[PDB]
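Enquirer: Below is one structure. I have some questions about it.
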Amino acid sequence: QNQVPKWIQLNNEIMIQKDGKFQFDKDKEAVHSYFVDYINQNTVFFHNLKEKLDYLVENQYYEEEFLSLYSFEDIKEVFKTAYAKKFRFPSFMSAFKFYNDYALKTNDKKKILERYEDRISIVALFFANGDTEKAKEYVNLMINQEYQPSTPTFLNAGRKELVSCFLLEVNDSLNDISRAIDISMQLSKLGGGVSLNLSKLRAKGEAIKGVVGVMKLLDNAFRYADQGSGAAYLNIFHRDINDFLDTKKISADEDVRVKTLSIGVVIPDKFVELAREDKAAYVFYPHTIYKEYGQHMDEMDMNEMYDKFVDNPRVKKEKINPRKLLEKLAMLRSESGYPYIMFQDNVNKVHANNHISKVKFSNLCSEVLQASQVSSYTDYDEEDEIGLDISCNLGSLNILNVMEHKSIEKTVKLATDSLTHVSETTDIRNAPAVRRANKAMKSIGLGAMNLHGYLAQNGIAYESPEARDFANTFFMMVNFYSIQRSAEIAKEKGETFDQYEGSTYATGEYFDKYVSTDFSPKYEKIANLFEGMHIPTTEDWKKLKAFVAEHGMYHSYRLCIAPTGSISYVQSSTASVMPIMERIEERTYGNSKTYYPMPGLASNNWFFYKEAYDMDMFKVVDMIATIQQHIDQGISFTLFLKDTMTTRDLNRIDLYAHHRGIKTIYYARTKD
Amino acid sequence: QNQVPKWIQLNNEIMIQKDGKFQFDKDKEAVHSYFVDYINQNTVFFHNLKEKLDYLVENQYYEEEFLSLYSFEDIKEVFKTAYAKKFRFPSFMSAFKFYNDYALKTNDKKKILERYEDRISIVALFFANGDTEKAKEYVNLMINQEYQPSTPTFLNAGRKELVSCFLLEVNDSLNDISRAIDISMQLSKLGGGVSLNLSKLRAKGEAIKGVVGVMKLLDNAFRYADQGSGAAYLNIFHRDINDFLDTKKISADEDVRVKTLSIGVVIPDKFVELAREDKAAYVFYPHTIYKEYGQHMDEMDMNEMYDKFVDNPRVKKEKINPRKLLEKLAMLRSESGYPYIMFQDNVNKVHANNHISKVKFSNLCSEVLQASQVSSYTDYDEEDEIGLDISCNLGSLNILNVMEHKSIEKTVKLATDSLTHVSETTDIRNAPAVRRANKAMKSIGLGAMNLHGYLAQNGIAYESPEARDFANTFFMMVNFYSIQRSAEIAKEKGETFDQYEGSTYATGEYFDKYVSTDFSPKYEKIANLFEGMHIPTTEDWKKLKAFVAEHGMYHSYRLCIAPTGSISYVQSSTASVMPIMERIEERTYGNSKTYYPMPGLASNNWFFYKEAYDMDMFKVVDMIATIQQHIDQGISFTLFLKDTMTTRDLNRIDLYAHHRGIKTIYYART
Ligand SMILES: Nc1ncnc2c1ncn2[C@H]1C[C@H](O)[C@@H](COP(=O)(O)O)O1
Ligand SMILES: Nc1ncnc2c1ncn2[C@H]1C[C@H](O)[C@@H](COP(=O)(O)O)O1
């Protein structure tokens, strides 16, 4: 009679509050209704697991070979390990987000083929590659919700290329731009994220015998393929910087604006210096530097060479006010959310592989921060000079379940092992710089989520010195055991990342802080949270230094924290290490609406679940800064602002971030 | 007697772990056992040096002449200089490879007649030619292991021909092919490699089987072993190029097949230009060019004449795809390791003696790059026109020990002196062109070894710019003092190689590069390695230029880097200027096995001893090209491939070598 489903009615009854409190009981009833009145009524029937796999293999849903490395007797034991837990989703959105987005369905995209246990088992069977007892550990890791592989790895593993997130580097030429566009199409379909570095390209007004032209070509190309979006990064000292920023003006033109492309700005310390002392700034025509000095502008140190570019008459320049350009960033970040900011020297001052290259730019989510070398694609393909692009596959720890299971070591190592397997199984063909990077650099991206949810459920405010003290110790341990496993893999395989000999891991310069100072918790309240787990001391780090020195390291880069917008719902976690935007999330379902309380929200902890826009973003910067200490790549840092804040107030946040050693700044969220 | 001997049991304990580390200490015990429990119990007794030398001269072991130039008091002092060093082999394979393969033994191959000190003393007394104080200098040079003469020179010096690298021209005639096989077998008997140039021979179609006929006929003679190997080179603009390449195939048709003979392909820039712009290419019939134009094909210049050959209707041709033919060369090197590529214009752009001839081919090991003129052997002996073939006696210096002792001048000077004495003493009887060229050209091949061993032990990666910076400054200094010694010998002897007056040394074009552009080390880390010895400035080269112009030059060619395989074990050195293959080398002894950690390998320097297969081959090409700047002949350059590389990837590497000025690329290992 009534069209609104019973599970939606029960979900909405959370808000119809009685006593003087919201009915958090009703979401457990709502999810139960979702299963018995819908999900279980739309699951394809099979007699047993034998019939189920044979159906999916023979009808081209699942891949052929990864299953054949196990006997069926062991496959049943692995699947049985997943179902043994009797995992239950605590909320409607948890079950909905999995069964709507992640669970395998029929070709007539209606009926459900995979349960939550079947997905995890298949993914576990893909990672282990024949080791049946390893798959059992991967099942226990993923079903206890200690580890969560990223959207592309978790969705596609086992089916009929897992690594999303690529970063290309374009050289100044038509062959290079045309290939960079063609390679972006191949990597758009394969997963999603493509991020181009346009700092090498020549400015508008330099002839051949600007960068917006390439950004429009990219935007049109990404739109042609209906399929993840792309992005473009540019150095602030580039001439077209203004035209680049004007592509995300709210009052822009139809042809100059880009819809698909996100934009990032790379800011060296020299630009902040000029702003502090109120001097004028000069933006450069990079090809005039190339002809003069031999090297690209983007490859040279601006803190040494800026003055020399100014005094040289052979280099073409453009006078600008840096303080006014910083205001323009803040204006656009308020208006549109873009651009992303990268503080180049805050990345490179703590960077291990500067000898390979300086980190010049970042990816779609401002998280991946690695070295890279430009390619040179010619008419005769056999005369190409292939360089180093960046490709990185992702995954996230669950801070809450890792702490309670006391599995901070094991969860890092299995995650690192699974990420290494995804890296090993990757086969890229039409992107030789991306293929060479995967072989040589062997990069992975182990992040984390559920930081607020953990802190809020233990009565610890996100922006207090307690919360920051916990994160200091927690993420130190993540870095310790990640490095330890990287060396253990390098011993077991006898392989290291290309030019390991030159890195700060090899020279020992990386370990100086961990050898000298002690990162165990100051507050006694937080020391007790790690009870039952050995916190590494300085003496342990000295041994880990010597172990790395002798056996090398397999991974060039290891840790990076992603935004994790969607998979966080599957895990019942607060998204990433960020604070929470809303206590209750009202979202449209389909003419009805759904309400989602944050995980573990109650009258006990209502004020520990403080909304992000109400926080002091200076103290939020302090949290990311203390976490950044023990993450060798970047952290996707969303700023949460109010409509009342001036462009003066935003510059003060952005420059405090730079002052505190923040590597990257993501999307700027603003609220009424 | 029938168990595993103690020295091997100790050697095998290197692979047994202690605290997660190898036992590199155990190999020093393995040598000491090898000496006490074998070598010292299988040396022949002589009471003194006089009775030893008398017995060895009397029983036809040593030669009579070279010893008679000294008095016995002098010979006693020269031997006594060798034993004064107290030289101790550090690893098992160093001592073993010497005493097993080099040290003189009794006629039944059992008991040892020479210690390491005895071998060096005889070689030093041979080289010095009566100068007793120079004999003492040679003993020190070889026993401090600053210099190592080549296998054939080091093994045979002062016993019952020392040169064992030959390159022969072959003219377009059956009668010339008869002597080509005749000479090849005469020179192959003594142990030397013999390379042939088959580019002048007429292709199949032209009447009188082709170049394959000569290779197959030559291969059968070589295959009759009861003595050294053989090779064959062919120009890429010759119609039989594809039949020539088909001999070394995976699915080789037994009629058109070659077991023993190594193969090389000579590639001018004009062929690479045709592949780049993607025009269809024309390979030629050579005897049609000879009749129409009056000269042999590979003597003429392909950059000038390619368009003229295609426009000429009388000259016969055959159209092929150049882009696919480079992919064929890459496929075959991935399969078999052959052919060798010689980038001809990368040789002849820097070649001094073009006026004699352009360099048309190379030797067995793709390193000797010299001028050559074809001979004409006929039915009447007195109407034979004896041309210029190539021989080259070899040697190479130790990069590690030269730098430690700071003897980069003294070693290059003396090594050049020792090679000159072998060059002088050579008496080739049944190869008239090889004899004539030895007298005329007077060329030598001073190389180098232990490059990686040196770099790795000073914390410098092989692929780094720091390494290239060392190589640039090091091999410049070698070339400086080698040219200086050649001019010094030219003044002392009062002699010069035939047509020196026409060379770029005489005209002064050779020194253009060095009179400008200072070749000191850029990096200060590298500059501190040469501390204590003088790095030649541009002004020093300007003075050398004039000294060469006044007094001339004795040697036609002076420097080539050979792939030092067997003798590098004796020196405790990494082979050649190449990178290392295996960190620890496992080889079968005889149902047991032996282990050789690369010399100076330790727990701490492990990652500087990178295995060559793991390296970026583009960065290795840059290292070889850096050295090639200062070596007037070629460098034996093995490319180290993994099986995951496509023909797409290997074709990209071979063209990059061409692009960086590489002269020759050798066997491809996997
Ligand atoms: N909350 C929740 N999460 C996951 N799966 C669920 C849930 N509620 C029911 N179910 C599914 C799982 C089992 O197949 C069955 C058990 O129902 P029951 O009567 O609830 O034990 O229904
Ligand atoms: N490594 C090595 N090389 C050459 N000869 C050796 C070596 N080890 C032992 N010996 C021989 C040489 C002498 O006859 C004696 C000296 O032993 P010593 O203990 O070495 O003083 O042992």
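Enquirer: With respect to B:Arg587, is the statement that it is more than 10 Å from every other protein chain (Cβ to nearest Cβ), under 26 Å from B:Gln9 (Cα atoms) and over 19 Å from the mean Cα position of the chain (by Cα) true? First the steps, then the outcome.
Expert: Working: more than 10 Å from every other protein chain (Cβ to nearest Cβ): yes; under 26 Å from B:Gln9 (Cα atoms): yes; over 19 Å from the mean Cα position of the chain (by Cα): yes.
Yes; evaluated as a whole, the condition is true for this residue.
Enquirer: Of the residues that make up the stretch A:1-15, is at least one touching a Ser or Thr at 6+ places or on another chain (Cβ under 7 Å), more than 16 Å from ligand 1 (Cβ to nearest atom) and farther than 25 Å from A:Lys109 by Cβ?
Expert: For the stretch A:1-15, residues touching a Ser or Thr at 6+ places or on another chain (Cβ under 7 Å), more than 16 Å from ligand 1 (Cβ to nearest atom) and farther than 25 Å from A:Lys109 by Cβ: absent.
Enquirer: Given the residues B:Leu168, B:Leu217, B:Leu162, B:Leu190, which is the only one that is closer than 20 Å to B:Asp384 by Cα and either not assigned by CATH to the domain that holds B:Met297 or not small (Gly, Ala, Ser) (or both)?
Expert: Exactly one of B:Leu168, B:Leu217, B:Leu162, B:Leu190 is closer than 20 Å to B:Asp384 by Cα and either not assigned by CATH to the domain that holds B:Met297 or not small (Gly, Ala, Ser) (or both), namely B:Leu168.
Enquirer: Return the only residue of B:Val368, B:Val315 being more than 19 Å from B:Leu446 (Cα to Cα), among the β-branched types (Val, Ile, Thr) and assigned to a loop (DSSP other than H, G, I, E, B). Even if it seems obvious, please write down each step before you answer.
Expert: Working: B:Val368 fails: more than 19 Å from B:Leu446 (Cα to Cα).
Of B:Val368, B:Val315, the one residue that is more than 19 Å from B:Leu446 (Cα to Cα), among the β-branched types (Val, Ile, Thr) and assigned to a loop (DSSP other than H, G, I, E, B) is B:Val315.
Enquirer: Additional query: Just give me the residues in the stretch A:414-438 being of a type outside the set (A, V, I, L, M) and either under 20 Å from A:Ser184 (Cα atoms) or not assigned by CATH to the domain that holds A:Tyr609 (or both), in sequence order. Reasoning before the result, please.
Expert: Step one: list which residues in the stretch A:414-438 are of a type outside the set (A, V, I, L, M), which gives A:416-418, A:420-421, A:423-427, A:429-430, A:432, A:435-436, A:438.
Once the filter is applied, which keeps residues that are of a type outside the set (A, V, I, L, M) and either under 20 Å from A:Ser184 (Cα atoms) or not assigned by CATH to the domain that holds A:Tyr609 (or both), the stretch A:414-438 yields A:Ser423, A:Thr426, A:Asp427, A:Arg429, A:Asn430, A:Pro432, A:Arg435, A:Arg436, A:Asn438.
Enquirer: Hey, does the stretch B:248-255 have a residue that's more than 13 Å from B:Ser199 (Cα to Cα), in contact with a helix residue (DSSP H, G or I) (Cβ under 7 Å, 6 or more places away or on another chain), buried (at least 20 other Cβ atoms within 10 Å of the Cβ) and not basic (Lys, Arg)?
Expert: Within the stretch B:248-255 (the criterion being more than 13 Å from B:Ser199 (Cα to Cα), in contact with a helix residue (DSSP H, G or I) (Cβ under 7 Å, 6 or more places away or on another chain), buried (at least 20 other Cβ atoms within 10 Å of the Cβ) and not basic (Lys, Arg)), the answer is no, since none of the residues qualifies.
Enquirer: Right, next: So B:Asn220 passes all but one of these: (1) touching a strand residue (DSSP E or B) at 6+ places or on another chain (Cβ under 6 Å); (2) over 25 Å from B:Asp381 (Cβ atoms); (3) polar (S, T, N, Q). Which condition number does it fail?
Expert: Result: B:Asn220 fails condition (1) only.
Enquirer: Looking only at the stretch B:15-30, count how many residues are away from ligand 2 (no atom under 16 Å from the Cβ) and either polar (S, T, N, Q) or in a loop (DSSP other than H, G, I, E, B) (or both). It would help to see each step written out before you state the result.
Expert: Step one: of the stretch B:15-30, the residues away from ligand 2 (no atom under 16 Å from the Cβ) are B:15-23.
With either polar (S, T, N, Q) or in a loop (DSSP other than H, G, I, E, B) (or both) added as a condition, the list becomes B:15-17, B:19-20, B:22-23.
Within the stretch B:15-30, residues that are away from ligand 2 (no atom under 16 Å from the Cβ) and either polar (S, T, N, Q) or in a loop (DSSP other than H, G, I, E, B) (or both) number 7.
Enquirer: Kindly indicate the residue of the stretch A:373-404 that is surrounded by 22 or more Cβ atoms within 10 Å (Cβ to Cβ) and among the small types (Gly, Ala, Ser) and also farthest from the other protein chains (Cβ to nearest Cβ) among those meeting that condition.
Expert: My answer is A:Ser396.
Enquirer: Sticking with this one: Confirm whether B:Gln9 is outside any helix (DSSP H, G or I) and either more than 11 Å from ligand 2 (Cβ to nearest atom) or within 22 Å of A:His551 (Cα to Cα) (or both).
Expert: Details: outside any helix (DSSP H, G or I): no; either more than 11 Å from ligand 2 (Cβ to nearest atom) or within 22 Å of A:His551 (Cα to Cα) (or both): yes.
Here the answer is no, as B:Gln9 does not meet what is asked.
Enquirer: Moving on to the next point. Go through (1) more than 16 Å from ligand 1 (Cβ to nearest atom); (2) touching an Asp or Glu at 6+ places or on another chain (Cβ under 8 Å) for A:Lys76 and report which single condition fails.
Expert: (2)
Enquirer: A:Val577 - would you say it is in contact with a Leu (Cβ under 7 Å, 6 or more places away or on another chain), surrounded by 19 or more Cβ atoms within 10 Å (Cβ to Cβ) and under 19 Å from A:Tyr462 (Cα atoms)?
Expert: Numbers: in contact with a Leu (Cβ under 7 Å, 6 or more places away or on another chain): yes; surrounded by 19 or more Cβ atoms within 10 Å (Cβ to Cβ): yes; under 19 Å from A:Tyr462 (Cα atoms): yes.
So A:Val577 fits the description; yes.
Enquirer: Also, I was wondering about something else. If you check A:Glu65, A:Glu117, A:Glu77, A:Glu137, which single one turns out to be outside the structural domain of A:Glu586 (by CATH) and either within 16 Å of ligand 2 (Cβ to nearest atom) or closer than 28 Å to A:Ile14 by Cβ (or both)? Walk me through how you get there before you give the answer.
Expert: Working: A:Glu65 fails: either within 16 Å of ligand 2 (Cβ to nearest atom) or closer than 28 Å to A:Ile14 by Cβ (or both); A:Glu77 fails: either within 16 Å of ligand 2 (Cβ to nearest atom) or closer than 28 Å to A:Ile14 by Cβ (or both); A:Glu137 fails: either within 16 Å of ligand 2 (Cβ to nearest atom) or closer than 28 Å to A:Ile14 by Cβ (or both).
Step by step, each of A:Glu65, A:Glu117, A:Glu77, A:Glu137 is checked, and only A:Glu117 is outside the structural domain of A:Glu586 (by CATH) and either within 16 Å of ligand 2 (Cβ to nearest atom) or closer than 28 Å to A:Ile14 by Cβ (or both).
Enquirer: Where in the stretch B:371-443 are there helices (runs of 4 or more DSSP H), lying wholly inside it, with at least 2 residues that are in contact with a strand residue (DSSP E or B) (Cβ under 8 Å, 6 or more places away or on another chain)? Break it down into steps so the answer makes sense when it comes.
Expert: On the way: elements: B:399-405, B:408-425, B:432-441.
Of the helices (runs of 4 or more DSSP H) lying wholly inside the stretch B:371-443, those with at least 2 residues that are in contact with a strand residue (DSSP E or B) (Cβ under 8 Å, 6 or more places away or on another chain) span B:408-425, B:432-441.
Enquirer: Suppose the filter is surrounded by fewer than 24 Cβ atoms within 10 Å (Cβ to Cβ), hydrophobic (A, V, I, L, M, F, W, C) and either touching a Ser or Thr at 6+ places or on another chain (Cβ under 6 Å) or not in a loop (DSSP other than H, G, I, E, B) (or both); does A:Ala352 pass it?
Expert: On the way: surrounded by fewer than 24 Cβ atoms within 10 Å (Cβ to Cβ): yes; hydrophobic (A, V, I, L, M, F, W, C): yes; either touching a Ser or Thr at 6+ places or on another chain (Cβ under 6 Å) or not in a loop (DSSP other than H, G, I, E, B) (or both): yes.
So A:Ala352 fits the description; yes.
Enquirer: Every residue in the stretch A:70-89 that is in a loop (DSSP other than H, G, I, E, B), under 24 Å from A:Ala128 (Cα atoms) and among the hydrophobic types (A, V, I, L, M, F, W, C), please. Lay out the reasoning, then the answer.
Expert: Start the filter on the stretch A:70-89 by keeping residues that are in a loop (DSSP other than H, G, I, E, B), which leaves A:70-71, A:85-89.
Next cut, under 24 Å from A:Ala128 (Cα atoms) only: A:70-71, A:85-87.
Within the stretch A:70-89, A:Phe87 is the sole residue that qualifies.
Enquirer: Scan the stretch B:616-670 for residues that are of a type in the set (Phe, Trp, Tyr) and more than 21 Å from the chain's Cα centre (by Cα) and report the count. If you could, list the steps in order and put the result at the bottom.
Expert: Kept after step one, since they are of a type in the set (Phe, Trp, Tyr), are these residues of the stretch B:616-670: B:618, B:637, B:640, B:656, B:666-667.
The next check asks that each one be more than 21 Å from the chain's Cα centre (by Cα); those that pass are B:618, B:656.
Count: 2.
Enquirer: Residues of the stretch A:31-69 being in a loop (DSSP other than H, G, I, E, B) and either within 11 Å of ligand 1 (Cβ to nearest atom) or at positive phi (or both), which ones?
Expert: Scanning the stretch A:31-69 gives a single hit, A:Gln60.
Enquirer: Which ones in the stretch B:450-474 are in contact with a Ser or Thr (Cβ under 6 Å, 6 or more places away or on another chain) and within 30 Å of B:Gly552 (Cβ to Cβ)?
Expert: Kept after step one, since they are in contact with a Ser or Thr (Cβ under 6 Å, 6 or more places away or on another chain), are these residues of the stretch B:450-474: B:450, B:452-453, B:468, B:471-472.
Within the stretch B:450-474, B:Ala471, B:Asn472 meet the criteria.
Enquirer: Can you tell me which condition A:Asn100 does not meet? The list is (1) surrounded by fewer than 16 Cβ atoms within 10 Å (Cβ to Cβ); (2) under 30 Å from the mean Cα position of the chain (by Cα); (3) within 10 Å of ligand 1 (Cβ to nearest atom), and all the others hold.
Expert: Status for A:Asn100: all satisfied but (3).
Enquirer: What is the one condition in (1) over 24 Å from the mean Cα position of the chain (by Cα); (2) within 14 Å of chain A (Cβ to nearest Cβ) that B:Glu582 does not satisfy?
Expert: Condition not satisfied by B:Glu582: (1).
Enquirer: A follow-up question, please. Quick one: B:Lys85 ticks every box in (1) basic (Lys, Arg); (2) away from chain A (no Cβ under 14 Å); (3) away from ligand 2 (no atom under 16 Å from the Cβ) except a single one, so which number is it?
Expert: The single condition B:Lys85 does not satisfy is (3).
Enquirer: For A:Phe361, state whether it is more than 14 Å from chain B (Cβ to nearest Cβ), crowded, with 22+ Cβ neighbours inside 10 Å, under 17 Å from A:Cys560 (Cβ atoms) and in contact with a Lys or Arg (Cβ under 7 Å, 6 or more places away or on another chain). If you could, list the steps in order and put the result at the bottom.
Expert: On the way: more than 14 Å from chain B (Cβ to nearest Cβ): yes; crowded, with 22+ Cβ neighbours inside 10 Å: yes; under 17 Å from A:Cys560 (Cβ atoms): yes; in contact with a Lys or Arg (Cβ under 7 Å, 6 or more places away or on another chain): no.
So A:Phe361 fails the test.
Enquirer: A follow-up question, please. Could you check how many residues of the stretch B:461-512 are within 14 Å of chain A (Cβ to nearest Cβ) and not small (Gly, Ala, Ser)?
Expert: First pass over the stretch B:461-512, keeping only residues within 14 Å of chain A (Cβ to nearest Cβ): B:461-467.
After this cut, where a residue has to be not small (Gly, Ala, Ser) as well, the list is B:462-463, B:465-466.
Count: 4.
Enquirer: Every residue in the stretch B:525-576 that is in a loop (DSSP other than H, G, I, E, B), small (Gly, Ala, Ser) and under 27 Å from B:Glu495 (Cα atoms), please. Even if it seems obvious, please write down each step before you answer.
Expert: In the first step, residues of the stretch B:525-576 are kept if they are in a loop (DSSP other than H, G, I, E, B); the result is B:528-537, B:552-558, B:560, B:562-566, B:572-576.
Now drop any that are not small (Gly, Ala, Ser), which leaves B:532, B:552, B:556, B:562, B:565-566, B:572-573, B:575-576.
Passing the criteria: B:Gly552, B:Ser556.
Enquirer: Which ones in the stretch A:292-337 are surrounded by fewer than 16 Cβ atoms within 10 Å (Cβ to Cβ), under 29 Å from A:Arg652 (Cα atoms) and polar (S, T, N, Q)?
Expert: Across the stretch A:292-337, the qualifying residues are A:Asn303, A:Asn321.
Enquirer: A:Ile143: closer than 22 Å to A:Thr43 by Cα, surrounded by 19 or more Cβ atoms within 10 Å (Cβ to Cβ), within 16 Å of ligand 1 (Cβ to nearest atom) and among the hydrophobic types (A, V, I, L, M, F, W, C), yes or no?
Expert: So A:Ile143 fits the description; yes.
Enquirer: Also: Looking at the stretch B:143-161, can you tell me whether even one residue there is within 16 Å of ligand 2 (Cβ to nearest atom), away from chain A (no Cβ under 14 Å) and on the phi > 0 side of the Ramachandran plot?
Expert: The initial filter retains those residues of the stretch B:143-161 that are within 16 Å of ligand 2 (Cβ to nearest atom), namely B:143-145.
From what's left, away from chain A (no Cβ under 14 Å): B:143-145.
This time we only want the ones that are on the phi > 0 side of the Ramachandran plot, so: B:145.
Checked the stretch B:143-161: at least one residue is within 16 Å of ligand 2 (Cβ to nearest atom), away from chain A (no Cβ under 14 Å) and on the phi > 0 side of the Ramachandran plot.
Every residue, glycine as well, gets a Cβ built from its backbone with ideal geometry; the counts of neighbours run over all protein chains shown. All of this is worked out from the model, or read from it or from the source named; none is laboratory data.
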